[PDB]
Every structure is written in C-alpha cells, then in structure tokens.
Amino acid sequence: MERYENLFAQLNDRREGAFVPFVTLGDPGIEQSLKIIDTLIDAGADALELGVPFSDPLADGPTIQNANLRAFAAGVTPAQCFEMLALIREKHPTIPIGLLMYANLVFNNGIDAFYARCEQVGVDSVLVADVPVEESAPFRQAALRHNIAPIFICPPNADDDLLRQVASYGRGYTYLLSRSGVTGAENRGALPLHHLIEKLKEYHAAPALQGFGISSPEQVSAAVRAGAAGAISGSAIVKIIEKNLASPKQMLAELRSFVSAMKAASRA
Amino acid sequence: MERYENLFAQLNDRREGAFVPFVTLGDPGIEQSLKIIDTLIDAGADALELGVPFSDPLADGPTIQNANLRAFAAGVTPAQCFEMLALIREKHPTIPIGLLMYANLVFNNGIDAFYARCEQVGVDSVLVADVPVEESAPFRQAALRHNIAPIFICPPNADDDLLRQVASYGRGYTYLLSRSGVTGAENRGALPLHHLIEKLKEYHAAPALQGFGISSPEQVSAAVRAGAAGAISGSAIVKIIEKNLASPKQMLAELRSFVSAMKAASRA
Amino acid sequence: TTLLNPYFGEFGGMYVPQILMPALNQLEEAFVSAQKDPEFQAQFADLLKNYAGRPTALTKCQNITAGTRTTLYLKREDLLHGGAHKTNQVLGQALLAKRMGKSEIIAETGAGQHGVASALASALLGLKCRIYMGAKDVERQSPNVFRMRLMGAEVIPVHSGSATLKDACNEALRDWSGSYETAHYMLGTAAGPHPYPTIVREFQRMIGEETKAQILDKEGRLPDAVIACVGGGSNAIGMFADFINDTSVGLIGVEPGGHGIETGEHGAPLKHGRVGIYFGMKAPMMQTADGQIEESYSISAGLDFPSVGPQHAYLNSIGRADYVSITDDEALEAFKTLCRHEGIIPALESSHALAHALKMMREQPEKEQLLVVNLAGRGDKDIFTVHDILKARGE
Amino acid sequence: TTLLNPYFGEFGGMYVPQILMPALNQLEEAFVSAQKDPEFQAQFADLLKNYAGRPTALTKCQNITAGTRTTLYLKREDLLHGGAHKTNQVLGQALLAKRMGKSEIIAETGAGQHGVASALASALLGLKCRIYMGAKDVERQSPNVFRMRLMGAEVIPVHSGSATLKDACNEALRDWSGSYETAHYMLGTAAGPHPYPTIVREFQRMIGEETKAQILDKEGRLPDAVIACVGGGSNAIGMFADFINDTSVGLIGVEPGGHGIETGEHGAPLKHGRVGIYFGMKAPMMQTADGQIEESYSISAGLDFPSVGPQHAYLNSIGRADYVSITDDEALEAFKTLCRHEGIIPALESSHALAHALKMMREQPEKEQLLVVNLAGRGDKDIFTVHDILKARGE
Ligand SMILES: O=P(O)(O)OCCNS(=O)(=O)c1ccc(OC(F)(F)F)cc1
Ligand SMILES: O=P(O)(O)OCCNS(=O)(=O)c1ccc(OC(F)(F)F)cc1
Ligand SMILES: *Cc1c(COP(=O)(O)O)cnc(C)c1O
Ligand SMILES: *Cc1c(COP(=O)(O)O)cnc(C)c1O
Ligand SMILES: [Cl-]
Ligand SMILES: [Cl-]
Ligand SMILES: [Cl-]
Ligand SMILES: [Cl-]
Ligand SMILES: [Cl-]
Ligand SMILES: [Cl-]
Ligand SMILES: [Cl-]
Ligand SMILES: [Cl-]
Ligand SMILES: [Cl-]
Ligand SMILES: [Cl-]
Ligand SMILES: [Cl-]
Ligand SMILES: [Cl-]
Ligand SMILES: [Cl-]
Ligand SMILES: [Cl-]
Ligand SMILES: [Cl-]
Ligand SMILES: [Cl-]
Ligand SMILES: [Cl-]
Ligand SMILES: [Cl-]
Ligand SMILES: [Cl-]
Ligand SMILES: [Cl-]
Ligand SMILES: [Cl-]
Ligand SMILES: [Cl-]
Ligand SMILES: [Cs+]
Ligand SMILES: [Cs+]
Ligand SMILES: [Cs+]
Ligand SMILES: [Cs+]
C-alpha cells in the first residue's frame with residue numbers, strides 16, 4: 001500500500017500522472033521476463049501490474065490470453081512467479097508492485113497465506129479480476145492484514161452506492177475501467193469518466209488509474225486531463241513481446257521506446 | 001395338357017414312374033442351356049420343368065436363386081426364353097414341357113396373352129409359384145382356354161377341402177410338395193405322403209409328381225412306391241451346372257449320368 | 001377363405017406360395033381376435049404410452065408460415081421411441097406374435113429403421129429376432145446394423161437378386177415358408193399379402209386419431225388436409241385412416257420424385273409405375289418393361305420399397321386420396337428450412353411431405369388452409385447425406 | 001445485493017468481474033418476475049408440451065430386474081425433443097432472454113448437446129445464436145457442429161487455454177462482458193454464478209415433479225431412491241428438486257469414475273476433487289495442486305465440465321444427497337445391458353446412473369427397493385465410441 005501513497009504524493013509534486021504497464025510474469029520465459037520488467041522500469045514505469053499465469057483468465061482478451069499461454073509453455077508456476085516477485089522487489093525499493101490475480105490462485109492454498117506470501121516478497125497491491133465487491137470481504141481483509149492494498153474496479157457506469165463501496169474498501173489506487181468487455185488494445189474506451197473521477201475524489205477514494213484499451217500517448221494524457229492519477233497499459237506492451245519473440249534485442253528496444261513515450265505523455 | 005395324359009398312360013404301361021428335371025432357361029447361357037436340355041432328354045427325362053429367370057424367385061433356395069442370377073448375367077429375357085421353348089418343342093414332339101413362373105411375369109403383358117404365347121410355342125403346363133388356389137382363377141381359366149395344364153400345389157398338410165380344390169382345378173399333374181420351405185437339395189422331405197396320394201386319386205386328381213428336395217435315386221423309387229406317378233428334381237441338377245461352369249464337357253457328362261441314374265430309379 | 005376382404009377394390013390379395021396360406025390365415029384370425037380383446041388392447045396401449053411415449057406432440061410451426069394464410073402443424077412421430085412411427089406397429093405385431101405362441105421374429109429392412117424398430121420391440125418383449133438385409137444395404141448402413149446387433153438381433157446379409165430391400169423381403173418370406181409355426185414375420189410397411197396392409201394400418205391408426213383430437217382441441221375443426229410421405233404406405237395410412245370418412249379432409253400422399261419423374265429415377269410407382277404382382281400383392285410397382293422388379297430411387301434411402309400399399313392405390317382410384325411427388329432438391333430445401341426456422345431436424349422421408357406442404361402454401365399464400373404434415377421420423381440419420389450434398393454443391 | 005441467496009451453504013456465489021454484476025442482477029430480477037407471471041408460465045408450458053413433447057414417459061424395466069426385489073423405472077428424458085433433458089431449460093432461458101428484451105443468445109458447449117439445444121431453442125424463437133466451442137471439441141464433434149449450423153447458429157472455435165469446454169465457458173463470459181445489454185448467456189448446467197444454479201434447477205424441476213406423479217400413479221408411494229448422472233448437475237437437480245423435502249426418498253448422484261478414482265483420470269470432483277473458485281462459483285473442482293483448472297475425464301464426452309453445481313455440494317454436505325462414482329467399464333456394461341434387454345439405447349452419461357442402479361440391485365438382490373433412474377439422454381451419439389471399444393477389445 002504505502003509505496004502507492006508515496007508515489008502519488010511524489011507525482012503530485014512532479015506534476016505528473018503515473019504510467020503503469022502490465023505484463024504476465026514469466027512471458028516468454030522467467031529470465032526474459034525479468035529483463036523485460038527491468039526495462040519497463042528503466043524506461044520510466046511508475047509502477048507495475050504483474051499477472052500470474054492462470055489457466056482461465058476470463059477478463060482478458062486474446063493478447064493476454066496468449067501471454068498466459070506462452071508462460072505456461074515455459075512451465076511457469078505461481079511458485080516461480082513469487083520467486084520472481086521477491087527478486088524484483090530486491091532490486092527496486094520504492095516502485096509499487098501490483099498483482100493481477102484470478103480468485104482460484106488466491107484461494108487455492110488459503111486466502112490468508114496468499115496475502116502473507118505477498119507481504120513477504122514485497123508486493124504492494126492485489127487485484128482479483130473475478131471477485132466483485134459483493135464477494136470481496138475475505139480478500140480485502142486478508143490484504144489489509146498483510147499490508148497489501150486491495151484494488152477495486154470502478155466500472156464506467158458505477159452507481160453511487162458502488163462508488164462509495166469502492167472508495168471505502170479500496171487502498172493503493174482505484175481501478176477506473178475504460179469500458180465494458182475484456183482487456184485489449186483493439187478496443188478503445190469511448191465513455192467520459194470525469195464524473196466518476198470527481199465522485200471518487202469526493203469520497204476520498206484511492207487515486208484512480210484508468211485501464212483497459214490504453215495503447216497510445218494521447219490516451220495517457222487524456223486520463224490525466226480528466227482528473228485521473230494515471231493510466232495502465234497491458235495489451236499494447238504485451239503485443240511488443242509477442243511481436244519480438246525471435247529477437248530479445250529488438251524486443252527490449254521497442255519496449256523501452258514505447259514505455260518512454262507513454263511516460264512522457266503523463267506530464268501535466 | 002394331353003402330352004401329360006399320353007405320357008402317364010405310356011408310363012403306366014411301361015410300369016415306370018416319371019423322372020422330371022428342372023432347370024432355369026438360359027443358365028448359364030442360351031446356347032449351353034439348349035444343349036443341357038437336349039442332354040436331359042437324351043439321358044431319359046420323361047418331362048421337363050423350365051424356369052424363366054425372374055428377379056424375385058421367392059420359393060427358391062440358393063441353388064436356384066444362383067441359376068436365376070447366372071441367366072441374368074447372360075442377359076436372358078422372357079422373350080428369349082420363349083424363343084428357346086419354341087425351339088425345344090420344334091425338336092421334341094411328345095415330351096411334356098412345364099414352365100415354373102412367378103406371377104408378375106405372367107400378368108405383365110396380360111394373363112391371357114401369356115398363356116396364348118405358351119400355346120403357340122407348345123408348352124404343356126404352367127405352375128405359378130406365388131399364386132395359391134385362392135388367387136388362381138384368372139390363371140387357370142387362361143391356361144385351360146389355351147390348352148395349358150394349370151399345375152396346383154398340394155402341401156404335405158393339405159386338408160380335405162384343399163385336396164378337392166387341387167383335384168378339381170388341376171390338369172396335367174398334381175404337384176406334391178415334399179415339405180415346407182423353398183426349393184433345395186440340402187433339405188430332404190421327411191413327411192409320409194401316401195395318404196395325400198390316395199386321396200388325390202380318390203378325387204380323380206391329375207397324377208401326382210413329388211417335388212422339393214429330391215436328389216437321389218432312392219427318393220425317386222420311394223415316390224413311386226408311395227403311389228406317386230413320378231418325381232421332379234431341380235436343385236440337384238442345377239448344382240451340376242454350377243459345379244461344371246468351367247467345363248461344358250464335364251457338365252453334360254455329369255448331367256447325363258445323374259439323369260440316367262435317376263430315371264433308372266423310376267422302374268417299379 | 002378369409003375373415004376379411006383381402007382386396008381394396010382391385011388391389012391387394014394374397015399372392016404367396018400355397019405353403020404360406022395357413023400362416024396368413026392364422027395371422028388374420030389372431031389379429032381379428034386381438035382387436036376384440038380388451039386385454040390385448042390394454043397391453044398395446046401400455047407399451048405405446050409408457051415405452052414408446054405416446055401420445056406424440058402436435059407442433060404448430062409459425063416461423064415457416066409467417067405472412068401467409070397457411071396454418072401448419074407437424075404430428076411429431078419423430079419423438080416416438082426409436083425416432084420414427086415404425087415403433088407403433090412393431091409393438092402391435094410383437095404382441096400378435098406372442099398371442100399366437102411364437103417366440104421368434106423375422107423382419108426385413110432396407111435403410112435399417114424397420115430392423116431397428118423390430119429389434120427394439122423384440123428386445124423389450126423377449127423375442128428372438130432375426131433381420132434380413134440386402135448386402136448392399138448392410139454395407140451402407142453400418143450404424144443401423146450395429147444398433148440392431150446391440151439390441152441382440154441377428155442381422156443376416158442377403159446376397160441374392162439385387163442385394164437390397166426387395167431381396168431382403170424375399171429372404172424373409174423364404175424363411176417364414178419353413179419357420180412359421182414358431183416365427184412371426186414382422187413385415188415393415190402397409191403392403192404385402194393380406195392381412196398385413198390391414199394390420200399395419202390398424203397398428204398405426206393412432207397417429208391420425210390423436211391428430212384429430214389434437215387439432216379439434218387447438219383449432220375447433222378438422223384440418224383441410226393431412227400430408228404424409230409414401231414409401232410402402234404405413235405412416236401415411238396411419239395418418240389418413242381416422243379421416244377417411246371425414247370427406248372434407250384432403251388426404252395427400254407424397255411419393256419421392258427422385259431426380260425427376262421424367263428421368264425415370266424416382267420412387268413414385270403409384271402415379272408413375274405400372275400395376276403388377278409382387279411381394280404377395282397386386283399393386284403399382286417399379287418394374288422393367290418385361291416385368292422384372294426395379295429400383296425405387298430417392299435421395300432418402302428409406303424410400304427404397306419398389307411398390308406401394310394396396311389401400312393407397314385404392315384410395316387414389318376412387319379419388320378419396322390424392323398423390324403427388326417431390327424431388328430430391330425440393331426435399332433438401334424443406335429439410336434445411338425446418339432445421340433453420342423451427343429447430344427440428346426432419347427425416348429426409350418426412351422432408352418430402354413438408355416440401356409439398358410448403359409448396360401448397362407458397363403457390364397460393366393468400367389461401368386459408370389448415371394443414372397437418374406427418375413428421376414420421378427424425379433426421380439425425382440424414383445429416384451426413386445432407387452435409388455431403390451441400391459440400392459437393394459449393395454451398 | 002440480490003433478491004435470492006446466491007449461496008447453498010458455503011457453496012456458490014457470484015465470482016464474476018464487476019462489469020458482469022449488473023447482468024447477473026438483471027437476470028435474477030427477470031427470473032423472479034417470470035416465476036410469478038402466469039403468462040410466462042403458460043408460454044413455457046406450451047413449448048414444453050407441444051414443441052418438446054412433455055410429459056416424458058416413465059418406463060418400467062422388467063427384463064433387467066427379473067428375479068430380484070428391485071423394481072426399476074426409467075424417466076425417459078431421452079424422448080424429449082433433441083434427445084436429452086437439456087431442451088427443458090434452454091426453452092425457459094430463451095423465454096427469459098425475450099422477457100429482458102434480448103434477441104441474441106450466447107452458449108458454450110463441449111460435446112455439443114448444449115449447443116444443439118441452444119440452437120434449436122433459438123431457431124424456434126427467432127433469436128440469433130452464437131455458440132463457443134473448444135477447437136478440440138469442434139474437431140471431435142463434427143455431427144453436433146453441423147446440427148448447430150443447420151439450425152442457423154454460429155459456431156465459434158475457441159483456441160485459448162486447453163481449447164476445450166472450460167475455455168468455451170470463458171469465451172462465452174468474455175463476450176457477455178461486452179454484449180450483455182443485447183445478448184443473454186444461456187449457460188448449460190446447474191452451475192456458474194448465481195442465479196444460474198437456481199434458474200437451471202427450476203427450469204428442469206418438471207423431471208422430478210412428473211416422476212413423482214407418475215410413480216404415485218403406478219406404485220401408490222414414493223420411490224426409495226432417484227438416481228442421476230452428475231456432470232455440472234442439471235439433470236440430477238431436475239430429478240431431485242421435487243423430492244428434497246420428501247426425506248424418505250434417497251437422492252443419489254453418480255459422477256464418472258473414468259479409469260478409476262485411484263488413477264486420477266476421472267470426472268468426480270464432488271467426492272474426489274478439491275473446492276476452489278472458478279466459472280463464477282465456489283465449488284469442488286478438478287484442479288492441479290497449484291490451482292490450475294484440470295480435465296474432467298470420462299468415456300462419456302458429455303462429462304467434461306471440470307466442476308459441479310453448488311447445490312449438489314451443499315446437499316452432499318448436509319447428507320441429504322449421496323454421491324457415488326461409476327467407472328468407464330461399468331458404464332459400458334450398463335449401456336450394453338439396456339440395449340439388449342430393454343431395446344433402449346442410453347446416453348453413456350445416463351449409463352453411469354443405470355450402472356449404479358444395477359449395482360444396487362445386484363449387490364443386494366433380495367432387498368425390496370423401488371428405484372428411478374433419470375435416463376437424461378439417448379445414446380445414438382455414442383454407438384461409434386462403443387463400437388470402437390468393443391472391437392479393440394476383441395469383443
Ligand atoms: O491495456 P489492456 O487493455 O490490456 O488492459 C490492461 C489489463 N491489465 S490489468 O492487470 O490492469 C487488469 C485489470 C482488471 C482486469 O479485469 C477486471 F477488471 F475484471 F478486474 C484485468 C486485467
Ligand atoms: O429339387 P428342388 O428341391 O430344387 O425342387 C424343384 C423345384 N422346381 S419346380 O419347378 O418343380 C418348383 C415347383 C414349385 C415351386 O414353388 C411352389 F411350390 F411354391 F410353387 C418352386 C419350384
Ligand atoms: C419407414 C419410413 C418411411 C417410409 O415407410 P412408410 O411405410 O411409407 O411409412 C417414411 N418416413 C419415415 C420417417 C420412415 O421411417
Ligand atoms: C449434458 C448431459 C449430462 C451432464 O450435464 P448435467 O448438467 O449434469 O445434466 C448428463 N447426461 C446427459 C444425457 C446430458 O445430455
Ligand atoms: Cl500461493
Ligand atoms: Cl461486504
Ligand atoms: Cl480509501
Ligand atoms: Cl410374355
Ligand atoms: Cl376360386
Ligand atoms: Cl383333374
Ligand atoms: Cl376399403
Ligand atoms: Cl378381386
Ligand atoms: Cl375391445
Ligand atoms: Cl431371446
Ligand atoms: Cl453387440
Ligand atoms: Cl379453439
Ligand atoms: Cl399405374
Ligand atoms: Cl381462402
Ligand atoms: Cl438450499
Ligand atoms: Cl457465505
Ligand atoms: Cl404464477
Ligand atoms: Cl435470427
Ligand atoms: Cl448449414
Ligand atoms: Cl397402485
Ligand atoms: Cl472436496
Ligand atoms: Cl427388503
Ligand atoms: Cs400463418
Ligand atoms: Cs411409393
Ligand atoms: Cs423385479
Ligand atoms: Cs461432476
């Protein structure tokens with residue numbers, strides 16, 4: 001949690017939004033994934049969203065489905081992912097690390113133990129994609145007990161009650177969904193979110209990051225202009241991985257370029 | 001008809017039963033069939049039963065089914081069969097010729113015209129295998145109008161009424177079925193027929209010929225001893241054809257031997 | 001001597017070898033006795049209801065008639081156990097066999113459905129079932145052959161003649177000619193020698209009786225026409241029988257036109273064949289000029305019987321029933337139509353009946369008419385045939 | 001906030017992305033409203049009767065129980081239009097879609113039967129149906145794929161994950177996550193997020209209601225046990241629901257034992273899996289040690305859903321229902337038995353249920369017991385699988 005508070009405070013001072021890439025851990029292998037993540041950071045990522053490969057990623061479009069599949073083809077397991085996360089935090093003191101989980105991987109060996117492991121390795125937040133606020137109780141309790149921010153989704157059509165729930169229960173950042181559907185750069189969000197962003201601030205919600213379908217610098221700037229604290233980009237990053245599987249050199253170069261450009265767009 | 005009367009009268013004088021082979025006309029070809037028939041006669045046949053190949057011979061076992069099929073493979077048609085019958089009669093003045101027909105071939109171009117053609121070519125009798133006495137009226141009328149003996153079947157279990165019908169309506173000879181089932185040498189009749197033979201004589205029936213399953217000299221002698229005027233053999237003759245297809249020479253030789261032996265068995 | 005008239009006008013009779021006459025006479029006696037026996041009727045009704053699933057639905061098909069003045073119902077024999085109407089009469093005949101003291105059943109089959117119906121009835125009732133099938137049919141109908149074997153029946157390939165249905169029919173009778181004291185011949189259509197056309201009618205007549213009651217309940221009046229596909233004639237006479245005396249109700253029988261009547265490649269002897277004598281009856285048949293029995297051709301393998309039941313030829317002659325034909329392509333279009341617009345996959349046989357109803361509607365869309373089609377079977381068995389046609393077609 | 005309890009004890013819930021919660025809430029509202037609407041109920045009853053053929057027969061199977069004190073009835077859902085019980089609930093859900101103003105249906109399918117049921121309901125009612133199917137299933141189930149296409153549905157292969165049913169299920173939800181204002185997700189078993197387990201139960205409960213009335217009519221008392229095969233749980237909860245409060249009636253659910261429980265190659269998560277969260281519910285599932293979803297293996301392709309409905313897990317926990325397993329070989333023997341001795345070809349799924357009933361009988365042949373097996377489907381679709389096993393076996 002507190003890594004986010006410090007980041008948001010600092011960005012506030014730097015007059016900048018946060019740019020936050022997503023990748024699947026272990027895609028396309030453990031070693032290449034670690035180098036990918038280091039590159040994201042070096043190129044200007046303000047925080048990370050990291051997916052643990054799961055057999056049933058039902059909020060993800062094909063780009064991320066395929067990322068899940070590539071990690072599985074390299075034999076990547078949650079245990080290996082947690083080793084990766086320990087190493088990532090061992091290298092980088094302050095950057096907020098958030099996991100993108102599905103429920104069964106959290107519940108599998110006990111919800112409390114899951115969040116305890118997260119705390120041990122230095123994770124800052126967890127978003128469980130198939131747990132709605134209605135089911136969130138044991139997840140958010142476990143998270144807070146272990147100093148993990150539980151990340152809640154605010155859909156573009158959220159009603160007042162849902163805004164108040166997300167505002168009260170959330171920590172770290174509030175996930176502002178661009179649109180309905182599943183992750184994917186091929187679908188840009190087309191709903192204005194400034195009313196949600198204002199109401200979340202009124203209710204003292206954690207700062208909002210816009211996510212889903214963000215693939216270009218103009219969208220980062222738009223999110224900041226609408227009042228959001230920053231933006232998350234997943235599919236567009238993962239597409240660069242997919243594109244460059246045959247050339248780790250070109251892969252990192254293109255990741256660096258893309259993240260650099262996207263982070264630059266976050267300057268107010 | 002009258003050829004049968006004269007034959008039966010003469011055999012009565014010679015103290016002999018009649019031996020009567022069956023073959024399918026045109027099996028295994030027209031020319032070979034004509035030579036087969038001449039051989040049957042020369043070897044001692046007292047009369048003939050001749051089948052017109054038919055697509056649906058439902059009173060015949062496999063031996064004769066296969067004879068029907070061989071004639072069809074040689075393209076034999078009822079028209080060609082009638083040409084054969086004309087030639088057979090042109091060669092042999094007195095031998096009774098009976099046809100084994102199925103109903104559709106008789107009815108096909110008119111029942112009356114069928115029997116008129118029979119009269120023209122010199123046929124003496126017609127047995128229609130799938131016409132029971134109940135359906136016989138237009139067949140037996142047409143036959144008598146054209147001087148053709150209508151041949152009626154007397155089953156081994158015939159009741160008194162059926163014996164009287166067969167006795168009254170029949171001419172030429174009365175067909176005394178050995179047994180139930182269909183034609184075939186593989187099944188010998190096992191019912192004693194002497195009671196039927198006596199009742200048929202009492203009712204002034206045409207002389208009885210026993211048929212179905214007769215394949216050996218002892219069976220010819222048995223039929224005569226039981227009071228029958230003679231015996232018909234089909235399958236056993238046709239089997240010799242089937243056996244000898246590759247050797248017309250051996251075929252005729254074996255037909256001659258078989259008919260000679262069977263006719264000898266008809267001596268009282 | 002018989003109890004019942006073996007003829008419908010000029011058509012029918014008992015053209016079997018003399019040896020089989022006692023078998024026909026026995027079966028007639030037994031039938032007449034059974035039809036008066038309340039116990040036999042209760043056993044039959046019990047099997048039809050609790051085993052086969054009667055009564056069958058009468059489904060109103062709205063999508064396919066939208067925008068016309070046709071109201072169309074389907075009598076859903078496709079829902080009967082076994083998936084075709086044939087089940088009704090095999091249960092009745094199996095009971096008749098039992099009544100006569102027989103423990104064995106002989107049946108013929110072409111496309112396999114009658115064999116399957118005969119096998120299932122035999123398995124239920126503990127009868128030893130043997131089924132003759134043309135070798136060419138056996139090779140072509142592996143699924144049905146296996147169904148019959150699963151149900152414990154013996155399937156005997158027949159190699160004589162044309163090695164198809166008519167040849168199977170012959171073999172069954174040849175067997176019966178020797179076995180009839182212990183075995184009953186469970187003939188599969190409303191044809192053959194008396195008493196089979198009568199028996200098969202009466203053991204199918206519930207189709208029309210139910211249709212009558214159902215349409216009165218739903219519509220308050222009789223149908224303008226009932227329409228059924230005509231192979232040997234069982235499903236059609238089943239639908240027609242109860243309406244024969246309702247002279248306002250049209251009885252329409254649809255024979256397969258195959259590649260077209262004019263091509264000679266068809267299965268419509270009633271209207272386009274010639275009367276002959278075969279398989280125990282005087283009836284219209286497919287036959288060569290010189291009287292040999294011919295093929296009955298249709299895209300639907302089940303329309304392979306080369307003749308038609310004598311009561312159909314009679315009802316035609318007196319003008320009580322009207323007979324028409326539907327070509328392979330018309331039947332295919334009807335099959336596709338019902339699948340897409342009603343979610344029912346019809347037998348290709350039944351598709352011929354549907355196609356004619358659809359033609360009645362389309363030709364005169366402003367004509368008010370209440371039609372029932374007898375959907376005698378389901379079409380699962382046909383999906384490969386149809387697939388292959390549509391593919392070869394570039395469709 | 002919901003109208004109804006989303007949980008059965010500890011099992012069930014609504015584990016879907018936040019974006020889908022309004023879709024679930026809407027569907028729950030609509031269901032609750034429909035269940036009180038006499039017009040909706042009449043439309044549903046009309047479809048079940050006149051289109052699908054309800055009520056289904058209850059058949060007493062005498063041959064297979066001869067010489068024992070077991071009386072066995074089969075509830076004949078195999079006779080329903082489509083040939084499996086799945087038809088009952090797709091008609092209900094299709095009506096719910098219409099109630100909510102939707103003109104489009106999404107469905108998942110594994111072995112194909114739910115896709116076919118969804119397609120036929122959609123064709124009847126004029127809904128645009130799209131059906132997700134694992135690419136490995138599409139390749140394996142050509143017949144069902146073609147049936148769905150004939151009925152006008154779009155069949156969309158899914159290449160993600162394991163390219164089988166669970167992956168189809170995911171895709172359907174992904175689509176619904178964007179399309180739910182216009183499209184209804186017609187989920188195919190009594191599982192998934194609330195309200196589906198409740199809805200599918202209520203739209204299948206006529207199986208048990210009819211069974212109850214039929215057995216009272218025939219036997220004058222309730223059955224000692226009702227027995228059904230358990231994939232996700234729809235046919236079983238359909239049979240059980242009306243007997244839950246009759247505490248003397250045993251409710252027995254049979255999961256596939258596959259090659260044997262001890263081999264790990266099975267489809268029996270209720271008794272031999274581990275509770276997890278997937279496809280919107282907390283339920284026993286087939287899963288790896290580290291929580292990845294696993295295969296549900298059975299000789300029967302239709303038992304591929306890797307979990308089980310939450311009401312089943314609940315009824316087990318409180319001891320109201322008992323769950324057992326039957327292996328591939330046991331199911332095969334039951335399939336062969338019913339074909340040969342009753343002339344009914346059962347689904348291999350339903351064969352598992354039959355096999356357990358036959359074991360109850362054979363183990364204790366002098367025990368007086370009145371059993372109903374839910375014969376949820378017919379087995380035509382299985383005859384090739386069985387043929388191949390028997391051949392490879394030298395049988
Ligand atoms: O850029 P895109 O379009 O690929 O979207 C980024 C997705 N990565 S993520 O971890 O933020 C993320 C966040 C929420 C998700 O589902 C949920 F909303 F249902 F919870 C899924 C992924
Ligand atoms: O010697 P087999 O066993 O082949 O029998 C000879 C048969 N040839 S036949 O023309 O007499 C003959 C006579 C009657 C037949 O059927 C019928 F009785 F029903 F009318 C069939 C053939
Ligand atoms: C057997 C069959 C036919 C043809 O036989 P009929 O005796 O004329 O009924 C037609 N439709 C179906 C579905 C059949 O099963
Ligand atoms: C679909 C199906 C099953 C398994 O699904 P349930 O939801 O458990 O009923 C079992 N039997 C049959 C015949 C099926 O069609
Ligand atoms: Cl873990
Ligand atoms: Cl809460
Ligand atoms: Cl907060
Ligand atoms: Cl002639
Ligand atoms: Cl007379
Ligand atoms: Cl005389
Ligand atoms: Cl009449
Ligand atoms: Cl007459
Ligand atoms: Cl009565
Ligand atoms: Cl038996
Ligand atoms: Cl078998
Ligand atoms: Cl009315
Ligand atoms: Cl004519
Ligand atoms: Cl009008
Ligand atoms: Cl409950
Ligand atoms: Cl709870
Ligand atoms: Cl109500
Ligand atoms: Cl549509
Ligand atoms: Cl199509
Ligand atoms: Cl009672
Ligand atoms: Cl468990
Ligand atoms: Cl007891
Ligand atoms: Cs209409
Ligand atoms: Cs016909
Ligand atoms: Cs019993
Ligand atoms: Cs299960």
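By convention in this document, chain letters (A, B, ...) are assigned in the order of the sequence lines, proteins followed by strands, and residues within each chain are numbered from 1.
Side-chain contact of C:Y132 with C:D137: a donor-acceptor pair under 3.5 Å is absent, judged by distance alone. Side-chain N/O atoms of D:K75 and D:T56 include a donor and acceptor closer than 3.5 Å. Counted by atom type alone, D:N235 and D:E349 present zero donor-acceptor pairs between their side chains at under 3.5 Å. In this model, no donor atom of one side chain and acceptor atom of the other lie less than 3.5 Å apart for D:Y51 and C:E342. Inspection of the C:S162 and C:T164 side chains reveals an N or O donor paired with an N or O acceptor under 3.5 Å.
Residues D:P143 and C:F384 approach most closely at CG-CZ, 3.9 Å, considering heavy atoms. Considering every non-hydrogen atom in both C:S118 and C:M186, the closest pair reads OG-SD, 3.3 Å. Shown here for C:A123 and C:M151, the closest heavy-atom pair between the two residues is CB-O, 3.6 Å. In plain terms, the two heavy atoms of C:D167 and B:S55 that are nearest each other are OD1-O, 4.3 Å. In plain terms, the two heavy atoms of C:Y185 and C:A172 that are nearest each other are CE1-CB, 3.6 Å. Across all non-hydrogen atoms, the minimal contact from C:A376 to C:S350 is N-OG, 3.0 Å.
Distance check: C:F31 CZ to C:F40 CZ gives 8.5 Å after rounding to the nearest 0.5 Å. The CD1 atom of C:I344 lies 9.5 Å from the SG atom of C:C339; values are rounded to the nearest 0.5 Å. With rounding to the nearest 0.5 angstrom, the CD1 atom of C:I227 is 12.0 Å from the CG atom of C:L375. Annotation: the span from C:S307 atom OG to C:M281 atom CE amounts to 3.0 Å, rounded to 0.5 Å.
Residues C:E255 and C:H312 are not in side-chain contact: their nearest non-hydrogen atoms beyond the backbone lie 4.5 Å or more apart. Side-chain atoms of C:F240 and C:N374, non-hydrogen and from C-beta on, never get closer than 4.5 Å to each other. Contact of the C:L354 side chain with the C:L338 side chain is registered, since non-hydrogen atoms from C-beta on lie closer than 4.5 Å. Counting only heavy atoms from C-beta outward, the side chains of C:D380 and D:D380 never approach each other to under 4.5 Å. Side-chain contact between C:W176 and C:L24 is present, with heavy atoms from C-beta onward closer than 4.5 Å. Taking 4.5 Å as the limit, every side-chain heavy atom of C:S160 sits out of range of all side-chain heavy atoms of C:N170. Contact check for C:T211 versus C:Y73: no side-chain heavy atoms found under the 4.5 Å cut-off.
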Query raised in the report: Would C:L127 and C:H184 satisfy side-chain contact (heavy atoms from CB on, under 4.5 Å), going step by step from the backbone distance to the final call?
Result: CA-CA 10 Å; C:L127 308 171; C:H184 169 61; over 6 Å; no

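Under the side-chain contact (heavy atoms from CB on, under 4.5 Å) test applied with C:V145, the options C:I131, C:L150, C:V138 reduce to a single match, C:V138. Paired with C:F279 under the rule side-chain contact (heavy atoms from CB on, under 4.5 Å), one option of C:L187, C:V16, C:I293 passes, and it is C:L187. A side chain to side chain donor-acceptor pair (under 3.5 Å) with C:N88 holds for exactly one of C:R205, C:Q204, C:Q93, C:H81; it is C:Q204.
Residues that satisfy the salt bridge (charged side-chain N to carboxylate O under 4.0 Å, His left out) test with C:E294, not counting sequence neighbours, are absent from this structure. Among residues two or more places apart in sequence or in another chain, the salt bridge (charged side-chain N to carboxylate O under 4.0 Å, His left out) test is passed with C:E154 by none. Every residue was checked against the salt bridge (charged side-chain N to carboxylate O under 4.0 Å, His left out) condition with D:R149, not counting sequence neighbours, and none meets it.
Using a 4.0 Å cut-off between charged side-chain N and carboxylate O, D:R54 and D:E77 make a salt bridge. Ion pairing between D:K336 and D:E333 fails under the 4.0 Å rule for side-chain N and carboxylate O.
Residue pairs meeting the ring-ring contact (aromatic ring centres under 6.0 Å, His included) criterion with at least one member in residues 84-115 of chain C, sequence neighbours excluded, do not occur.
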Show me the donor-acceptor pairs within less than 3.5 Å that the side chains of residues 386-393 of chain D make with the rest of the protein, sequence neighbours left out.
residue	atom	partner	partner atom	Å
D:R393	NH2	D:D329	OD1	2.8

Donor-acceptor list for residues 42-49 of chain C side chains, cut-off 3.5 Å, not counting sequence neighbours:
residue	atom	partner	partner atom	Å
C:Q43	NE2	C:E39	OE2	2.9
C:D46	OD1	C:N50	ND2	2.8

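C:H352 contributes a side-chain N or O that, together with a main-chain N or O of C:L348, makes up a donor-acceptor pair within less than 3.5 Å. Side chain of D:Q113 to main chain of D:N144: no donor-acceptor pair is present (N/O by atom type, distance under 3.5 Å, no hydrogens or angles).
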